[PDB]
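*Asks:* sequence? don't have it. structure:
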Ligand SMILES: Nc1ncnc2c1ncn2[C@@H]1O[C@H](COP(=O)(O)OP(=O)(O)NP(=O)(O)O)[C@@H](O)[C@H]1O
Ligand SMILES: Nc1ncnc2c1ncn2[C@@H]1O[C@H](COP(=O)(O)OP(=O)(O)NP(=O)(O)O)[C@@H](O)[C@H]1O
Ligand SMILES: Nc1ncnc2c1ncn2[C@@H]1O[C@H](COP(=O)(O)OP(=O)(O)O)[C@@H](O)[C@H]1O
Ligand SMILES: Nc1ncnc2c1ncn2[C@@H]1O[C@H](COP(=O)(O)OP(=O)(O)O)[C@@H](O)[C@H]1O
């Protein structure tokens, strides 16, 4: 018809297996309501009946499409479908649905009331003939095929019908695949990297003939890496099985497990077999087993194997319908002659996930688990700092095995055997989650983390003008390069905080990285000391390579004065005013691109004994005095700390605010900690006294703090900063020369 | 190709190399090409097995045994000259040496002119922008950049517009152009810059970019430009020319600009070495790098070699008291030893620079070495107005503003201070203009009458309220000691 009814498929955000979400101007163009019965026609004359729903997440012309119904239509991602309303659907009297025997194995008991009757209630579901849907439960996920309906050829189902499920399972026909093949639905986290790998490879695989009409070379050597266990083979096979090409898998240890000429014949026949079924993808994992760093290679057959791989990958420039993906452990653990132009050009890091990614990975792995009601995935989302996803698979399987181990093993073996009806009753508790998270958790990470921070501007009290002109200093030229191009001034890229210790030096950097949606990689002082004492400075280049790879980002140096204080004070050691790591930092600083959005933030508390070679233009040049807090900042900081804890309202904090002057913010965030420790000790002792009183039940004495704890904490209080350091810093206010 | 010859067995590789040289003998005249020589003949210490030395000896015999023939010629290509076996590049085997090097902005413009030949650009695309904004790239990155922008123009418009209705032909490929937005997008992300090493190019700053300092410029022109054009006069009067010059002065007086102007006017290459390079060669105790630098310098003939912050190695191990040592170090005497052992006429002219002329080693002030001393003083008011206009020529400024008030007020100021105060005022003006822009946007709309494209007296007055001198008086007296005393030989 060539009208807007020809639409492009996508992934779905909805979690029902038969609903389709669409946008508002599109749905106002088609004149429907919510919950209408809609019909989809695609390729090879297949049909889909669905419920339509409305969402603003959809764009102008796309369709949020589920995987089981897109495999029901026998189409894939990148195909076009046709949309028609079918508003004349009645109810049925008999429903014929039956499994395929290849996915129901080990199963005993009745199948009908355990799955079908928990499914076909309360959801009027549109079913057409020959359809295969998918349900979960029983620690499993089973698909189901329908055969016959009374209102031919489709109906909507309701509580007011029956389903006749009689018969034996039927073998799967030759055309479709199973649904235990992995896909785009079961990879939690790292959505941007998946989008980048999706957009980089879509054209020569979905439209191969276009590059048979245009001679422009696509990128063919694309290399992803990451710390191990993160499922690089999983995402590789997911992209290859989702976009629909021929797959073949070369693993490094198997090729090293043969003789010499047998390995040569294996690699040659593998590349010929990948040539035969074009278009196709090819995958080499554990490249460290095949082509290591050259200094770590000692024999003779290994260099011959690496030269064989170089000739075999240079000799497929003529072909353009295969593409090579590979996976190592680290980019510094490959031979440097391999990753060059014509062999391996594109580079992508997977990285470790974060709390949102951990929540999504946990949402993947409790899909067919049948949780309880008291289990709280936000708890084990926030309490699981520093983990990879295979540890999360181990954690979920460990909690499931603990629920099998405590109740229902010895309860059942004394009387009967085990079926799936009692597997329906099995849920797991949060106690097994806390038990599997307390012990038996080998945390597989000690390295540097990269994430967006969470502290916002309202978490720090006051300091308002400094926040707004820092916002001027970073936020402006990334949004308006035309004004700077008009006035010809290149922007500065350095800023140097300084101030007395204990004034909240990390919080403003966290707020700037959180508001502009920037990554964050921090380096403390102890990292500088363990890079100085070991005399190892081939690590700074790795840090700034990671920084450029995490573009955009803000790089935070904490305790820069440690290397100048460590070898003596202001007299110092026998040396002078320079060192090793700081000039290595300058040399790797000034030799990079101006527009790459890597913004370097330094910090110290001793601004006099620092090397003045860092205050050159083109480097760190912006100085901001961070002073002691004032009383309005004191009440603001005190409320911003006390917002987490339950406090009383009759207590008054302006007495101590008007009393305490010249105090660090760290002191006024530890005195509340001291008072709350005193209150928690008082409450637990009154708890054990009322327990031992009549019983040798819960009327809580107080959930908050009174004036007594604050008065005793002020009797335990202490200032942290002397007056002479304030005069040493106000020397810079009196003198004002700060260029060099 | 090297990897293919290493991909066989031993006698098969021998038969392959022998049949290759016989086949190159058959169709004389012909050329022959061996790339990735690092795969065939590496450095000898990195070779460990047995068949590799046999292969290298086979190559040496096979190239010595074609001296009788004269109708073939061998060209080869490695990665680095320090990564070949040293027994290979000798007389009778490999005599001539030529560096390709990295291109520059003119070369980048020409390479981009190569790769948009059949591209059908738009009208708004500006190749000068991505010529000047692409510092530090090789040409394969430029091929990747042009193909990436073309793939982005295929990815945004015309993929999903076309697949919903019809198929793809070339009549719609005629309508396809690319925009500059895809160029900025492919240049912002997905640009692995493949270079960190030293660059060699002609500079662009001319004599009019620095204000005043006229007599010093003309007798420096006497010092460098004269004997390359008139060797007959020096041969007549028998004096060999000096080849060293030592700038010195207080910090912040434009020390790099005169060196850039001399290298730009006489059409000379330029290789500079800052102070941090001297510190990372001293602390690591690695001095097999100076010889590489002067080999690159002789290979870049003619050129001018610039040392910046020479006083870093004398200040780094203590001040004028120093460390436990004395008045010498390691890198500077290595510099002297590689300096005096080279040809007089090779047009390698060495320019040194410091800001502390007293604590430097006086062994460098010998004849046949750096001997010419030029006091670079503080700017004067005519140099102040000249330097201020030479900085402000880039920015749009108003004409009713007057700069001679602050010029007659500011005395004893560095040129760096009077090129950052304009930067501070223009940051203040760009903040004022962007806030008035967002206020007029949020005023009636919650269209473009520009309030001001230039600077008024208010920004300069506030920048003078934020102004600061950078040099004290006692350092001027410490330098004018050399004017009062005048002994400067050793
Ligand atoms: N509102 C606040 N005001 C001040 N400090 C705060 C505030 N909120 C949190 N902090 C604490 O301040 C820390 C930031 O370090 P900061 O206290 O400024 O350095 P420092 O204490 O002066 N030097 P040091 O403690 O030895 O590393 C954070 O880690 C918090 O523990
Ligand atoms: N007309 C000018 N007069 C003075 N300085 C200028 C002028 N034009 C540019 N400059 C700046 O002067 C710099 C040259 O270094 P220079 O300022 O002489 O060394 P220095 O500032 O005294 N010592 P340092 O800044 O610590 O490396 C250039 O990089 C420019 O930023
Ligand atoms: N983010 C994740 N999503 C889904 N599964 C994961 C994830 N991370 C780890 N896994 C599981 O951990 C295992 C590790 O992946 P694998 O391909 O074996 O990596 P490697 O071979 O490098 O250890 C996989 O079998 C996968 O099922
Ligand atoms: N200056 C240039 N002019 C034209 N093409 C270039 C240029 N630089 C790089 N290329 C492209 O980059 C690729 C790299 O050249 P190549 O011969 O493969 O070098 P190597 O094998 O040493 O990487 C070539 O295919 C070439 O088309």
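*Replies:* Good, I have the coordinates. Numbers count the residues shown, from 1 in each chain, chains lettered A, B, ... in the order given. Ligands and ions are numbered 1, 2, ... in the order given.

*Asks:* From residue A:226, how far off is the residue in the stretch 251-400 of chain A positioned nearest to ligand 3?
*Replies:* Closest approach between the stretch 251-400 of chain A and ligand 3, counting by CB to the nearest ligand atom: residue A:389, at 2.3 Å. Every C-beta, even on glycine, is put in place using the N, C-alpha and C of the backbone. Distance, residue A:389 to residue A:226, by CB to CB, to the nearest Å: 11 Å.

*Asks:* Of the two, which one has the most company?
*Replies:* residue A:389 (24 against 21; other CB atoms under 10 Å in any protein chain shown).

*Asks:* so what's that one up against?
*Replies:* Residues counted as contacts of residue A:389 (CB atoms under 8 Å, 6 or more residues apart in numbering or on different chains) are A:188, A:189, A:229, A:230, A:231, A:353, A:361.

*Asks:* Most neighbours out of those residues, which is it?
*Replies:* residue A:361 (25 neighbours).

*Asks:* I'd like to check which residues are in contact with that one.
*Replies:* A:188, A:189, A:353, A:389, A:392.

*Asks:* you'd agree the first one is up against residue A:364?
*Replies:* Yes. Using CB atoms under 8 Å, residue A:188 makes contact with residue A:364 at a distance of 4.9 Å.

*Asks:* and stretch A:60-74, how far apart are its ends?
*Replies:* Stretch A:60-74 has its terminal residues 25 Å apart, counting by CA to CA, to the nearest Å.

*Asks:* Tell me what residue A:221 is bridged to.
*Replies:* residue A:324 (DSSP bridges).

*Asks:* Adding secondary structure and distance to residue A:580 as columns, could you present the contacts of residue A:389 in JSON lines?
*Replies:* Converted to JSON lines, the contacts of residue A:389 look like this (DSSP: H, G, I helix; E, B strand; the rest coil; distance: CB to CB, whole Å):
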{"residue": "A:188", "secondary structure": "coil", "distance to residue A:580": "43"}
{"residue": "A:189", "secondary structure": "coil", "distance to residue A:580": "38"}
{"residue": "A:229", "secondary structure": "coil", "distance to residue A:580": "36"}
{"residue": "A:230", "secondary structure": "coil", "distance to residue A:580": "35"}
{"residue": "A:231", "secondary structure": "coil", "distance to residue A:580": "40"}
{"residue": "A:353", "secondary structure": "coil", "distance to residue A:580": "36"}
{"residue": "A:361", "secondary structure": "helix", "distance to residue A:580": "42"}
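
*Asks:* okay, those in CSV with distance to ligand 2 next?
*Replies:* Conversion of those to CSV gives the following (distance: CB to the nearest ligand atom, whole Å):
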residue, distance to ligand 2
A:188, 50
A:189, 45
A:229, 48
A:230, 45
A:231, 50
A:353, 44
A:361, 51
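
*Asks:* my guess is residue A:510 contacts residue A:516, does it?
*Replies:* No. Residue A:510 lies out of contact with residue A:516 (CB under 8 Å); the separation is 11.7 Å.

*Asks:* Would you mind telling me which of those two has the busier surroundings?
*Replies:* Between residue A:510 and residue A:516, counted using other CB under 10 Å, the more crowded position is residue A:510 (22 against 17).

*Asks:* Go ahead and measure how far the one helix or strand that one maps to is from the middle of the chain.
*Replies:* Using DSSP states H and E, residue A:510 sits in helix A:507-515. Distance, stretch centre to chain centre, for helix A:507-515: 20 Å (CA atoms, centre = their mean, to the nearest Å).

*Asks:* And for that helix, what's in contact with it?
*Replies:* With CB under 8 Å, 6+ apart, helix A:507-515 has contacts from A:452-457, A:459-460, A:463, A:466-467, A:470-471, A:474-475, A:497, A:518-520, A:553-554, A:556, A:601, A:603.

*Asks:* Just the buried subset of those residues, please.
*Replies:* A:453, A:455, A:457, A:459-460, A:463, A:467, A:470, A:474, A:497, A:518-520, A:553-554, A:556, A:601, A:603 (16 or more other CB atoms under 10 Å in any protein chain shown).

*Asks:* from those, which are also near ligand 1?
*Replies:* The overlap between these and the neighbours of ligand 1 (CB under 6 Å from any ligand atom) comes to residue A:460.

*Asks:* Inside helices: which ones of the buried ones among the contacts of helix A:507-515?
*Replies:* Judged by DSSP state H, the buried ones among the contacts of helix A:507-515 include A:467, A:470, A:474 as members of helices.

*Asks:* For the second one, which non-adjacent residue is closest in space?
*Replies:* The spatial neighbour of residue A:470 that comes closest, neighbours along the chain excluded (CB to CB, 6 or more residues apart in numbering or on different chains), is residue A:512 at 6.2 Å.

*Asks:* contacting residues for residue A:325?
*Replies:* A:222, A:223, A:224, A:236, A:281, A:282, A:283, A:284.

*Asks:* Kindly list the longest strand within chain A.
*Replies:* strand A:140-149 (DSSP state E).

*Asks:* Now do it: which elements does it pack against?
*Replies:* If you count contacts as 3 or more CB pairs under 8 Å, 6 or more residues apart in numbering or on different chains; DSSP states H and E, strand A:140-149 packs onto strand A:95-98, strand A:125-128, strand A:132-137.

*Asks:* Would you mind giving those strands as JSON lines with distance to residue A:2 added?
*Replies:* Output for the helices and strands packed on strand A:140-149, formatted as JSON lines (distance: least, CB to CB, whole Å):
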{"stretch": "strand A:95-98", "distance to residue A:2": "38"}
{"stretch": "strand A:125-128", "distance to residue A:2": "27"}
{"stretch": "strand A:132-137", "distance to residue A:2": "32"}
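
*Asks:* which residues of the stretch 151-300 of chain A fall in helices?
*Replies:* A:191-206, A:232-243, A:252-255, A:260-276 (DSSP state H, counting those that start in this stretch).

*Asks:* typed the wrong thing, it's the stretch 1-150 of chain A
*Replies:* Under DSSP H, counting those that start in this stretch, the stretch 1-150 of chain A gives helices at A:24-30, A:67-72, A:117-119.

*Asks:* Need the winner for burial among those.
*Replies:* helix A:67-72 (a mean of 20; mean count of other CB atoms under 10 Å in any protein chain shown).

*Asks:* Distance check, the nearest residue to residue A:19 once chain neighbours are set aside against ligand 2.
*Replies:* Leaving aside its sequence neighbours, residue A:19 sits nearest to residue A:51 (CB to CB, 6+ apart; 4.6 Å). Relative to ligand 2, residue A:51 is positioned 67 Å away (CB to the nearest ligand atom, to the nearest Å).

*Asks:* Would you check that residue A:51 makes contact with residue A:22?
*Replies:* No. Residue A:51 lies out of contact with residue A:22 (CB under 8 Å); the separation is 10.9 Å.

*Asks:* Can you give me the first-to-last residue distance of stretch A:408-420?
*Replies:* 12 Å.
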